[PDB]
Amino acid sequence: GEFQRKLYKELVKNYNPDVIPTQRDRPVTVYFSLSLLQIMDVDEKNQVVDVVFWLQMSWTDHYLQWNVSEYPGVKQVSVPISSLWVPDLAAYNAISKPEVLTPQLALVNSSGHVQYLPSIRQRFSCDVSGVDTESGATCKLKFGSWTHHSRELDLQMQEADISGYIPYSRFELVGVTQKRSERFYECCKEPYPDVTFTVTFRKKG
Amino acid sequence: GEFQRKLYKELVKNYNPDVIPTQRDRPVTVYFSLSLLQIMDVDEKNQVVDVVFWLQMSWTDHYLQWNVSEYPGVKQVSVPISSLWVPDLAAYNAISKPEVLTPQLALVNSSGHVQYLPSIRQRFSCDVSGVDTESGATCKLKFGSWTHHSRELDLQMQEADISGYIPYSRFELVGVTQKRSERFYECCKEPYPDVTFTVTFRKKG
Amino acid sequence: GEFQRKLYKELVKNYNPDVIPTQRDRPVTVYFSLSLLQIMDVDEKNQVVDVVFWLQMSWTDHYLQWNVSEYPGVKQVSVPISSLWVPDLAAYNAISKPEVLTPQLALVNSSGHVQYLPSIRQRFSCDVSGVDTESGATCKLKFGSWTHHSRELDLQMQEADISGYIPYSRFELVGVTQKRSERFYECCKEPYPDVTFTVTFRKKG
Amino acid sequence: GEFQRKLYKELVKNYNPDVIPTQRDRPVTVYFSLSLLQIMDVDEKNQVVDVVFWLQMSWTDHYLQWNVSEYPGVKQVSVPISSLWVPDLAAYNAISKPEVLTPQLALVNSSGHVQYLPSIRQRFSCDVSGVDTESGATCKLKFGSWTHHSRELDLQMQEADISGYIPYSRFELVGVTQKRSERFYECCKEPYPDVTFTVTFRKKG
Amino acid sequence: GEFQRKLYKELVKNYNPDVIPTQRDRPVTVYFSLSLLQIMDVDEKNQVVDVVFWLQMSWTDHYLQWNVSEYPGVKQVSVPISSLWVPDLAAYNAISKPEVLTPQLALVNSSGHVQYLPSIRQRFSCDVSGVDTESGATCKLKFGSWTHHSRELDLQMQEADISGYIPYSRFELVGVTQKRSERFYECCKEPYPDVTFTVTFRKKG
Ligand SMILES: *[C@@H]1O[C@H](CO)[C@@H](O[C@@H]2O[C@H](CO)[C@@H](O[C@H]3O[C@H](CO)[C@@H](O)[C@H](O[C@@H]4O[C@H](CO)[C@@H](O)[C@H](O)[C@@H]4O)[C@@H]3O)[C@H](O)[C@H]2NC(C)=O)[C@H](O)[C@H]1NC(C)=O
Ligand SMILES: *[C@@H]1O[C@H](CO)[C@@H](O[C@@H]2O[C@H](CO)[C@@H](O)[C@H](O)[C@H]2NC(C)=O)[C@H](O)[C@H]1NC(C)=O
Ligand SMILES: *[C@@H]1O[C@H](CO)[C@@H](O[C@@H]2O[C@H](CO)[C@@H](O)[C@H](O)[C@H]2NC(C)=O)[C@H](O)[C@H]1NC(C)=O
Ligand SMILES: *[C@@H]1O[C@H](CO)[C@@H](O[C@@H]2O[C@H](CO)[C@@H](O)[C@H](O)[C@H]2NC(C)=O)[C@H](O)[C@H]1NC(C)=O
Ligand SMILES: *[C@@H]1O[C@H](CO)[C@@H](O[C@H]2O[C@H](CO)[C@@H](O)[C@H](O)[C@H]2NC(C)=O)[C@H](O)[C@H]1NC(C)=O
Ligand SMILES: CN1[C@@H](CC(=O)c2ccccc2)CCC[C@H]1C[C@H](O)c1ccccc1
Ligand SMILES: CN1[C@@H](CC(=O)c2ccccc2)CCC[C@H]1C[C@H](O)c1ccccc1
Ligand SMILES: CN1[C@@H](CC(=O)c2ccccc2)CCC[C@H]1C[C@H](O)c1ccccc1
Ligand SMILES: CN1[C@@H](CC(=O)c2ccccc2)CCC[C@H]1C[C@H](O)c1ccccc1
Ligand SMILES: CN1[C@@H](CC(=O)c2ccccc2)CCC[C@H]1C[C@H](O)c1ccccc1
Ligand SMILES: Cc1cccc(NC(=O)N2CCCC2)c1
């Protein structure tokens, strides 16, 4: 009943959504996956692919946990993302702002596990010259934290999902591979991880 | 009137718009209706339909009720939605953010029944290839709660309504059907209800 | 000025811009009129009219009144509309959000009379098929409150004027009318008024 | 700096950016000019001209004054326009919202003099029929206060400039004149001044 | 973590994001670099270039420093830019607002050194008529403080890296240069410094 009201109150107490919830030396592990829903368009002149996808981002926030016996019935809560820390993931080769298609809410259970599952439309730089060939065009969707390094934010992949690709598109989805990389940059002391989704596709016919 | 001014004070006191107003072992029943108003356009290359529709959502928020004898004359109030909990219904196959055309206000009576009735323009993914044939094209417009499952938010369909369809469109509205599904996901033990409106349309002539 | 600064400080006390300023039984009377400045475009395929127009809206807000001899020289003040109650008028057949072209300020005098005079661009659903005939096409621009009925918000017209219509347009005005009606809807026990501006126009040539 | 910081806390005190800083029998004088940077497009069908320009606006706000002696080093401060009163200048014949291209900051010196110099892109209603003729097309960009009459806000022209018109435009800028006018209305005892910029241009050929 | 949360509380105190962090007579030195990623389009009719680029900006804010011994583990934090001072760099000849592609977060180390690295899409006025020639077209990208002169904000370049220019563009990069300038405007006594990036490029094939 009102326990949920009571819980939101305590959870917001002394919480800062700008601050990554690392706990003494241990990085926040962030599990990450992309599912391709639709390739909306290609621009062969300007080298751009327009896509709709669903992101899966999940991690543990130790500040957002609670004893279930103090709030009977409350096993999970639905929370607007502006009120909690969320990973600052960025598409490295995007040429447009992401358009979030779904309500900006995350699910949080009693042990502090968070799930933010946004569906998103965004345009990306890509060489789409081969879209008209048997081998198709290959586009890399590269994602990573904009400002958090490996030892703060440990980005890891879950298995991706093409089962949600719409069948009636004018683009045939040949394949989708994903890989986690990590590199030191000529800029910073700590290394940064990234996850890249490579999608190959062609125009039917 | 003073009584409204006083009533607004009390309704915001101890009120959290992020908390679904469930009440002990009972979900919030959300009644849901869609009236198709106009099919704005069809993108036959990218498989997209652009529609304008009127949504009708209503539910009882038990934290928003008041004794009429205490606030005499005040039988209902008009409140901005940003100050109210609202169902987090997502348009599952939307490829654009919804453009809300009407004022973002809801009606609330003294037993906490809320009505929110936005008019919306939105683009959806759809196989429109059959639009210039007699059988026409069929688009599904699928909605459901993004983060609340069946035991928290009970989505209930109301009557199919095509009376608002403008008569001078270049698209003949053949039929609109609806179905309420309660589907499980490979993730959660609890199902998530969704309401699907199926509209069949074809180019006049 | 000092007196204007002192007046704001008084007027803002307890002011709630979400609460309609009715006074026991008495509705708030709202005067409304529209002047067409320009027909920007007609979309013959999708049945849409793009127009620029000037609304005149005025009403009395009784919490916004003051003794002029307590604030000598202060006869009217300029107030951002975000700070005051404004009628929740909607364009019933708009297919886009209204784009406001002018500063969002209302004039308020010492007897509580408020004037808000925005210039607005907005697109409407309209059968424009006969735009190239001598009879021309007719568009109805219908306006009314979205959540207030007759006994709370009494919409009235002030008379029209077409003298602001730009004369170098490619469209010629053939007829203009604006009437106030009062109709019932399936929802409510109470009637809701509206003002409708009916413009007939055609391509010159 | 340390004193700049302290000057802000003082200036914010009792300051109301909604109240025009008039005195008894002393309008706020607003100096105003326009520099045309480029004519982006002309729309001969819909009668629209698209322009990028630089406005200069300066006025004195006696509530922003300070003693340099009390704040040594601080001759001027850089302030967000949202923090202070600014003239509600409207473009009378604009068919679009002004796109502000520059940081929304004003310069304020110790005597209270505020300078605001935004770069703007905006579209205006205009008869561009003559754009291909030798006579050229003539457009009038008319600006004035939306809600303040002469006795509150005294609009004045400053000597304009076209040294900043880009020389590789496809449009040849022929001539630009300016004039301050003061006109009455049937509504108001007091007149409302405006500054109008007349520009004559033609396609280069 | 808990140290970091404590750290945020402290930096936020008395901190005014509107006040440039000058220290007695010392300007804030701001290092500035542009990395061209993609030329998206050219408009040979409207003389416009559309570009995606990566800006590197860095400066020290002495109000943002702490002792790592007081806050063990915390070497650097990531902070929303809206919550701290940032240079008011303007794109002088831009004809559109900047679309910021990346999270609006800056990095700050314990000595108060701030790094802000937004990726940005923006359109610029430019004579692109050389694009189809051996010499190609030359476009200038002129940036500088809008409201701070040389003695307040000291704009310095860093090397303009073009290792990020995508290879599959239809435009070939011929050369990029960078120059600092100081200009005196008929207004003030101090100079305003601008950094200009000059890019030469031509259509491939
Ligand atoms: C605020 O708005 C809400 C939503 O419209 C109002 O809610 C409705 O109240 C109805 C009347 O109280 C209520 O009706 C029924 O409850 C049962 C149906 O599930 C049914 O048993 C009742 O029948 C009653 O039985 C007799 C015998 O026939 C009837 O003749 C009497 O009318 C009895 O009331 C009612 O039909 C309905 O369920 C409810 N709707 C929702 C969605 O909750 C609410 O009253 C408004 N508040 C106020 C104070 O006006
Ligand atoms: C809260 O959510 C987490 C994350 O889903 C739940 O954890 C998983 O449970 C499965 C099934 O036993 C385990 O195999 C995994 O090891 C868990 N994942 C992680 C990341 O820890 C967890 O069960 C939930 N906690 C509560 C209190 O119910
Ligand atoms: C603040 O700025 C105003 C505007 O520039 C200054 O007023 C000018 O002063 C100069 C001489 O210093 C005169 O020649 C101009 O006629 C003035 N202009 C206007 C519009 O009045 C003013 O001096 C500045 N204040 C301080 C403290 O220097
Ligand atoms: C905070 O960041 C700045 C910027 O990287 C660091 O400053 C530099 O130190 C290196 C060598 O130690 C020099 O090559 C740079 O020229 C320095 N930048 C200058 C001159 O400001 C600074 O050391 C960092 N602080 C901490 C605590 O690590
Ligand atoms: C404030 O403005 C209102 C409207 O102009 C003034 O109005 C009322 O009186 C006028 C004639 O005396 C009428 O022309 C108005 O239509 C009428 N309006 C209403 C709704 O009552 C009013 O006098 C002004 N108040 C003061 C003190 O000047
Ligand atoms: C942002 N950058 C690292 C930070 C950094 O380089 C940097 C840090 C500090 C100073 C100078 C540069 C952090 C991890 C992401 C990486 C991204 C890549 O650079 C990049 C830049 C522009 C477009 C696409 C990709
Ligand atoms: C978001 N998802 C359910 C939650 C969930 O799946 C989920 C929860 C937790 C972990 C992993 C997945 C809640 C109800 C909606 C459903 C939506 C569907 O996925 C989906 C995603 C993208 C496009 C179309 C459909
Ligand atoms: C919004 N509606 C009335 C309110 C109401 O219906 C309503 C009220 C309470 C409960 C359920 C519905 C108020 C007056 C306007 C009317 C609008 C028209 O239907 C309409 C709907 C959709 C597009 C165009 C026009
Ligand atoms: C806003 N109006 C004056 C006020 C006023 O008229 C008015 C005031 C009160 C009642 C009725 C009308 C103030 C000075 C500007 C002027 C603008 C012009 O109307 C106008 C309207 C629409 C498009 C272009 C121009
Ligand atoms: C704004 N201006 C300087 C100040 C100033 O000129 C000025 C100040 C006060 C009064 C009159 C003029 C400050 C530094 C930037 C410079 C910009 C340039 O004008 C400009 C304006 C519009 C487009 C391109 C360039
Ligand atoms: C003198 C003056 C200038 C500008 C505004 C006002 N009043 C207000 O902004 N209010 C907000 C709510 C009621 C009053 C006064």
# chains A, B, ... in the order shown; residues from 1 in each chain; ligands from 1

call {"tool": "closest_atom_pairs", "arguments": {"of": "chain B", "to": "ligand 1", "cutoff": "9 Å", "atoms": "only C-alpha atoms and all ligand atoms", "output": "tab-separated table"}}
result
residue	atom	partner	partner_atom_place_in_ligand_line	distance
B:29	CA	ligand 1	42 (C)	8.1
B:30	CA	ligand 1	42 (C)	8.7
B:31	CA	ligand 1	42 (C)	7.8
B:58	CA	ligand 1	42 (C)	7.7
B:59	CA	ligand 1	42 (C)	6.9
B:60	CA	ligand 1	43 (O)	7.0
B:65	CA	ligand 1	49 (C)	8.8
B:67	CA	ligand 1	49 (C)	8.9
B:68	CA	ligand 1	49 (C)	8.0
B:75	CA	ligand 1	50 (O)	7.3
B:76	CA	ligand 1	50 (O)	8.4
B:108	CA	ligand 1	1 (C)	7.5
B:109	CA	ligand 1	1 (C)	5.0
B:110	CA	ligand 1	49 (C)	5.1
B:111	CA	ligand 1	47 (N)	4.6
B:112	CA	ligand 1	1 (C)	6.6
B:113	CA	ligand 1	1 (C)	4.8
B:114	CA	ligand 1	2 (O)	7.5
B:115	CA	ligand 1	2 (O)	8.7

call {"tool": "interface_residues", "arguments": {"of": "chain E", "to": "chain A", "cutoff": "7 Å", "atoms": "only C-alpha atoms", "output": "PyMOL selection string"}}
result
chain E and resi 1+4-5+40-41+78-79+101-103+107+168-169

call {"tool": "write_last_selection", "arguments": {"atoms": "N, CA and C atoms", "output": "CSV table (one decimal), in the first residue's frame"}}
result
chain,number,residue,atom,x,y,z
E,1,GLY,N,31.0,6.9,-5.4
E,1,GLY,CA,30.8,6.3,-4.1
E,1,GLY,C,30.4,7.3,-3.0
E,4,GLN,N,32.7,10.2,-3.1
E,4,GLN,CA,32.3,11.0,-4.3
E,4,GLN,C,31.1,11.9,-4.0
E,5,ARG,N,30.1,11.2,-3.4
E,5,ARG,CA,28.8,11.9,-3.0
E,5,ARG,C,29.2,13.0,-2.0
E,40,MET,N,28.8,16.5,-44.0
E,40,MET,CA,27.6,15.9,-44.3
E,40,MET,C,26.9,16.3,-45.6
E,41,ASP,N,27.1,17.5,-45.9
E,41,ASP,CA,26.5,18.0,-47.2
E,41,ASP,C,27.0,19.4,-47.5
E,78,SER,N,32.7,13.1,-13.0
E,78,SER,CA,32.0,13.5,-14.2
E,78,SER,C,30.8,14.3,-13.8
E,79,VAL,N,30.6,15.5,-14.3
E,79,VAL,CA,29.7,16.5,-13.9
E,79,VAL,C,28.9,17.0,-15.0
E,101,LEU,N,25.7,15.9,-30.0
E,101,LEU,CA,25.5,14.5,-30.2
E,101,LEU,C,25.8,13.6,-29.0
E,102,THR,N,26.5,14.1,-28.0
E,102,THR,CA,27.1,13.3,-27.0
E,102,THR,C,26.6,13.8,-25.6
E,103,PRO,N,26.7,12.9,-24.6
E,103,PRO,CA,26.2,13.3,-23.2
E,103,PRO,C,26.9,14.6,-22.8
E,107,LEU,N,34.5,16.3,-17.5
E,107,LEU,CA,35.4,15.6,-16.6
E,107,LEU,C,36.2,16.6,-15.8
E,168,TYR,N,35.2,7.2,-46.1
E,168,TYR,CA,34.2,6.8,-47.2
E,168,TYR,C,33.3,8.0,-47.6
E,169,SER,N,33.6,9.2,-47.1
E,169,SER,CA,32.9,10.4,-47.5
E,169,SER,C,33.0,10.6,-49.0

call {"tool": "atom_distance", "arguments": {"atom1": "CA of residue 69 in chain E", "atom2": "CA of residue 184 in chain A"}}
result
26.1 Å

call {"tool": "residues_around", "arguments": {"residues": "residue 136 in chain A", "least_positions_apart": "6", "cutoff": "12 Å", "atoms": "only C-alpha atoms", "output": "MDAnalysis selection string"}}
result
chainID A and resid 127:130 171:175 199:205

call {"tool": "write_last_selection", "arguments": {"atoms": "N, CA, C and O atoms", "output": "PDB file, in the first residue's frame"}}
result
ATOM      1  N   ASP A 127      29.394   3.475 -44.192  1.00  0.00           N
ATOM      2  CA  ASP A 127      29.630   3.312 -45.618  1.00  0.00           C
ATOM      3  C   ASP A 127      28.568   2.363 -46.164  1.00  0.00           C
ATOM      4  O   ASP A 127      28.680   1.148 -46.017  1.00  0.00           O
ATOM      5  N   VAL A 128      27.539   2.916 -46.796  1.00  0.00           N
ATOM      6  CA  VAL A 128      26.442   2.093 -47.294  1.00  0.00           C
ATOM      7  C   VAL A 128      26.494   1.872 -48.802  1.00  0.00           C
ATOM      8  O   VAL A 128      25.478   1.579 -49.429  1.00  0.00           O
ATOM      9  N   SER A 129      27.685   1.989 -49.377  1.00  0.00           N
ATOM     10  CA  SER A 129      27.849   1.861 -50.823  1.00  0.00           C
ATOM     11  C   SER A 129      27.514   0.450 -51.323  1.00  0.00           C
ATOM     12  O   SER A 129      27.048   0.273 -52.452  1.00  0.00           O
ATOM     13  N   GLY A 130      27.736  -0.551 -50.473  1.00  0.00           N
ATOM     14  CA  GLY A 130      27.480  -1.930 -50.845  1.00  0.00           C
ATOM     15  C   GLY A 130      26.074  -2.439 -50.565  1.00  0.00           C
ATOM     16  O   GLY A 130      25.802  -3.627 -50.746  1.00  0.00           O
ATOM     17  N   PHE A 171      14.851  -3.810 -46.345  1.00  0.00           N
ATOM     18  CA  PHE A 171      16.204  -4.298 -46.088  1.00  0.00           C
ATOM     19  C   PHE A 171      16.233  -5.678 -45.453  1.00  0.00           C
ATOM     20  O   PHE A 171      15.628  -5.919 -44.404  1.00  0.00           O
ATOM     21  N   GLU A 172      16.956  -6.575 -46.110  1.00  0.00           N
ATOM     22  CA  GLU A 172      17.213  -7.910 -45.601  1.00  0.00           C
ATOM     23  C   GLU A 172      18.365  -7.846 -44.594  1.00  0.00           C
ATOM     24  O   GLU A 172      19.447  -7.355 -44.917  1.00  0.00           O
ATOM     25  N   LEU A 173      18.124  -8.318 -43.374  1.00  0.00           N
ATOM     26  CA  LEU A 173      19.158  -8.321 -42.338  1.00  0.00           C
ATOM     27  C   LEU A 173      19.988  -9.606 -42.405  1.00  0.00           C
ATOM     28  O   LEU A 173      19.568 -10.648 -41.909  1.00  0.00           O
ATOM     29  N   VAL A 174      21.160  -9.529 -43.029  1.00  0.00           N
ATOM     30  CA  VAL A 174      22.023 -10.701 -43.192  1.00  0.00           C
ATOM     31  C   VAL A 174      22.550 -11.249 -41.872  1.00  0.00           C
ATOM     32  O   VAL A 174      22.446 -12.441 -41.609  1.00  0.00           O
ATOM     33  N   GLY A 175      23.120 -10.373 -41.049  1.00  0.00           N
ATOM     34  CA  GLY A 175      23.674 -10.779 -39.772  1.00  0.00           C
ATOM     35  C   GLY A 175      23.995  -9.631 -38.830  1.00  0.00           C
ATOM     36  O   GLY A 175      24.112  -8.474 -39.244  1.00  0.00           O
ATOM     37  N   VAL A 199      26.367  -4.713 -38.077  1.00  0.00           N
ATOM     38  CA  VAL A 199      25.206  -5.238 -38.788  1.00  0.00           C
ATOM     39  C   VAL A 199      25.447  -5.157 -40.283  1.00  0.00           C
ATOM     40  O   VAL A 199      25.907  -4.142 -40.811  1.00  0.00           O
ATOM     41  N   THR A 200      25.185  -6.275 -40.942  1.00  0.00           N
ATOM     42  CA  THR A 200      25.315  -6.401 -42.382  1.00  0.00           C
ATOM     43  C   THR A 200      23.910  -6.572 -42.975  1.00  0.00           C
ATOM     44  O   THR A 200      23.068  -7.286 -42.424  1.00  0.00           O
ATOM     45  N   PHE A 201      23.636  -5.877 -44.068  1.00  0.00           N
ATOM     46  CA  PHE A 201      22.275  -5.836 -44.591  1.00  0.00           C
ATOM     47  C   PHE A 201      22.288  -5.432 -46.043  1.00  0.00           C
ATOM     48  O   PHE A 201      23.224  -4.772 -46.502  1.00  0.00           O
ATOM     49  N   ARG A 202      21.249  -5.833 -46.770  1.00  0.00           N
ATOM     50  CA  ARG A 202      21.131  -5.451 -48.161  1.00  0.00           C
ATOM     51  C   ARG A 202      19.689  -5.172 -48.573  1.00  0.00           C
ATOM     52  O   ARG A 202      18.738  -5.591 -47.912  1.00  0.00           O
ATOM     53  N   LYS A 203      19.550  -4.430 -49.662  1.00  0.00           N
ATOM     54  CA  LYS A 203      18.266  -4.177 -50.280  1.00  0.00           C
ATOM     55  C   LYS A 203      17.791  -5.456 -50.952  1.00  0.00           C
ATOM     56  O   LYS A 203      18.486  -6.023 -51.795  1.00  0.00           O
ATOM     57  N   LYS A 204      16.613  -5.916 -50.556  1.00  0.00           N
ATOM     58  CA  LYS A 204      15.990  -7.069 -51.182  1.00  0.00           C
ATOM     59  C   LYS A 204      15.859  -6.858 -52.689  1.00  0.00           C
ATOM     60  O   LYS A 204      15.486  -5.779 -53.145  1.00  0.00           O
ATOM     61  N   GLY A 205      16.191  -7.888 -53.461  1.00  0.00           N
ATOM     62  CA  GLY A 205      16.139  -7.804 -54.913  1.00  0.00           C
ATOM     63  C   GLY A 205      17.415  -7.273 -55.546  1.00  0.00           C
ATOM     64  O   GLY A 205      18.192  -6.542 -54.921  1.00  0.00           O
TER      65      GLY A 205
END

call {"tool": "residues_around", "arguments": {"residues": "residue 192 in chain A", "least_positions_apart": "5", "cutoff": "7 Å", "atoms": "only C-alpha atoms", "output": "ChimeraX atom specification"}}
result
/A:149-150,182-184

call {"tool": "write_last_selection", "arguments": {"atoms": "N, CA, C and O atoms", "output": "mmCIF file, in the first residue's frame"}}
result
data_model
loop_
_atom_site.group_PDB
_atom_site.id
_atom_site.type_symbol
_atom_site.label_atom_id
_atom_site.label_comp_id
_atom_site.auth_asym_id
_atom_site.auth_seq_id
_atom_site.Cartn_x
_atom_site.Cartn_y
_atom_site.Cartn_z
ATOM 1 N N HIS A 149 35.764 5.419 -17.146
ATOM 2 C CA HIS A 149 36.712 4.381 -17.572
ATOM 3 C C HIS A 149 36.410 2.988 -16.975
ATOM 4 O O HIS A 149 35.557 2.849 -16.090
ATOM 5 N N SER A 150 37.125 1.975 -17.473
ATOM 6 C CA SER A 150 36.944 0.558 -17.107
ATOM 7 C C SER A 150 36.853 0.257 -15.625
ATOM 8 O O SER A 150 36.121 -0.632 -15.209
ATOM 9 N N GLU A 182 38.565 -2.983 -25.558
ATOM 10 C CA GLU A 182 39.053 -2.070 -24.542
ATOM 11 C C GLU A 182 40.422 -1.580 -24.968
ATOM 12 O O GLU A 182 41.230 -2.347 -25.506
ATOM 13 N N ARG A 183 40.673 -0.295 -24.740
ATOM 14 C CA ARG A 183 41.881 0.355 -25.231
ATOM 15 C C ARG A 183 42.314 1.524 -24.352
ATOM 16 O O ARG A 183 41.488 2.207 -23.748
ATOM 17 N N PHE A 184 43.619 1.744 -24.272
ATOM 18 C CA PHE A 184 44.120 2.975 -23.688
ATOM 19 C C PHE A 184 44.091 4.029 -24.783
ATOM 20 O O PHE A 184 44.351 3.718 -25.947
#

call {"tool": "select_by_dssp", "arguments": {"residues": "range 1-204 of chain E", "states": "helix (DSSP H, G or I)", "output": "JSON, numbers by chain"}}
result
{"E": [2, 3, 4, 5, 6, 7, 8, 9, 10, 11, 12, 62, 63, 64, 81, 82, 83]}

call {"tool": "select_by_dssp", "arguments": {"residues": "range 77-143 of chain A", "states": "strand (DSSP E)", "output": "ChimeraX atom specification"}}
result
/A:77-80,89-91,99-100,105-109,113-116,119-125,137-143

call {"tool": "residues_around", "arguments": {"residues": "residue 116 in chain A", "least_positions_apart": "5", "cutoff": "9 Å", "atoms": "only C-alpha atoms", "output": "ChimeraX atom specification"}}
result
/A:55-58,81,86,104-107

call {"tool": "residues_around", "arguments": {"residues": "range 153-166 of chain B", "least_positions_apart": "6", "cutoff": "8 Å", "atoms": "only C-alpha atoms", "output": "list in words"}}
result
residues 27, 28, 29, 30, 31, 32, 33, 34, 35, 36, 37, 38, 144, 145, 173, 176, 177, 178, 179, 180, 193, 194 and 195 of chain B

call {"tool": "write_last_selection", "arguments": {"atoms": "N, CA and C atoms", "output": "tab-separated table (two decimals), in the first residue's frame"}}
result
chain	number	residue	atom	x	y	z
B	27	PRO	N	-4.64	-4.34	-8.38
B	27	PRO	CA	-4.01	-3.54	-9.44
B	27	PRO	C	-4.82	-2.29	-9.75
B	28	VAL	N	-4.23	-1.32	-10.43
B	28	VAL	CA	-4.98	-0.16	-10.90
B	28	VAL	C	-5.57	-0.48	-12.26
B	29	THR	N	-6.89	-0.41	-12.36
B	29	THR	CA	-7.57	-0.66	-13.61
B	29	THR	C	-7.54	0.59	-14.47
B	30	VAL	N	-6.88	0.47	-15.62
B	30	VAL	CA	-6.77	1.55	-16.58
B	30	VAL	C	-7.64	1.18	-17.79
B	31	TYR	N	-8.67	1.98	-18.05
B	31	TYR	CA	-9.50	1.79	-19.24
B	31	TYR	C	-8.92	2.59	-20.40
B	32	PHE	N	-8.89	1.96	-21.57
B	32	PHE	CA	-8.11	2.47	-22.69
B	32	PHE	C	-8.88	2.39	-24.01
B	33	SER	N	-8.91	3.51	-24.72
B	33	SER	CA	-9.68	3.60	-25.96
B	33	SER	C	-8.87	4.35	-27.00
B	34	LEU	N	-8.95	3.92	-28.25
B	34	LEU	CA	-8.31	4.68	-29.32
B	34	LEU	C	-9.30	5.00	-30.42
B	35	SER	N	-9.46	6.28	-30.75
B	35	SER	CA	-10.26	6.65	-31.90
B	35	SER	C	-9.39	7.18	-33.03
B	36	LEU	N	-9.30	6.42	-34.11
B	36	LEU	CA	-8.58	6.88	-35.30
B	36	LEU	C	-9.22	8.15	-35.86
B	37	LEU	N	-8.43	9.20	-36.06
B	37	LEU	CA	-8.97	10.44	-36.63
B	37	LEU	C	-8.60	10.64	-38.09
B	38	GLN	N	-7.33	10.43	-38.43
B	38	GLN	CA	-6.90	10.64	-39.80
B	38	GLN	C	-5.66	9.81	-40.07
B	144	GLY	N	1.01	-0.82	-24.49
B	144	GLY	CA	1.00	-1.44	-23.18
B	144	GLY	C	1.93	-0.74	-22.19
B	145	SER	N	1.75	-1.06	-20.91
B	145	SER	CA	2.57	-0.52	-19.86
B	145	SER	C	4.00	-1.01	-20.07
B	173	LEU	N	-11.25	4.02	-44.66
B	173	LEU	CA	-11.10	3.18	-43.47
B	173	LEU	C	-12.02	1.98	-43.58
B	176	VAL	N	-11.64	-1.37	-38.19
B	176	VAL	CA	-10.73	-1.37	-37.05
B	176	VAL	C	-11.14	-2.45	-36.04
B	177	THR	N	-10.25	-3.41	-35.78
B	177	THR	CA	-10.50	-4.36	-34.70
B	177	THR	C	-9.51	-4.21	-33.56
B	178	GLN	N	-9.84	-4.83	-32.43
B	178	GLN	CA	-8.96	-4.78	-31.27
B	178	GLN	C	-8.84	-6.10	-30.54
B	179	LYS	N	-7.71	-6.29	-29.88
B	179	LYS	CA	-7.55	-7.43	-28.99
B	179	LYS	C	-6.61	-7.15	-27.83
B	180	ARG	N	-6.98	-7.69	-26.67
B	180	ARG	CA	-6.19	-7.55	-25.46
B	180	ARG	C	-5.43	-8.84	-25.22
B	193	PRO	N	0.09	-7.00	-19.91
B	193	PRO	CA	-1.00	-6.86	-20.88
B	193	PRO	C	-0.72	-5.79	-21.92
B	194	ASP	N	-1.17	-6.03	-23.15
B	194	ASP	CA	-1.11	-5.00	-24.17
B	194	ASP	C	-2.39	-5.01	-25.01
B	195	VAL	N	-2.76	-3.84	-25.50
B	195	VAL	CA	-3.93	-3.68	-26.35
B	195	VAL	C	-3.52	-3.35	-27.80

call {"tool": "atom_distance", "arguments": {"atom1": "CA of residue 9 in chain C", "atom2": "atom 7 (N, counted along the ligand's line) of ligand 11"}}
result
7.5 Å
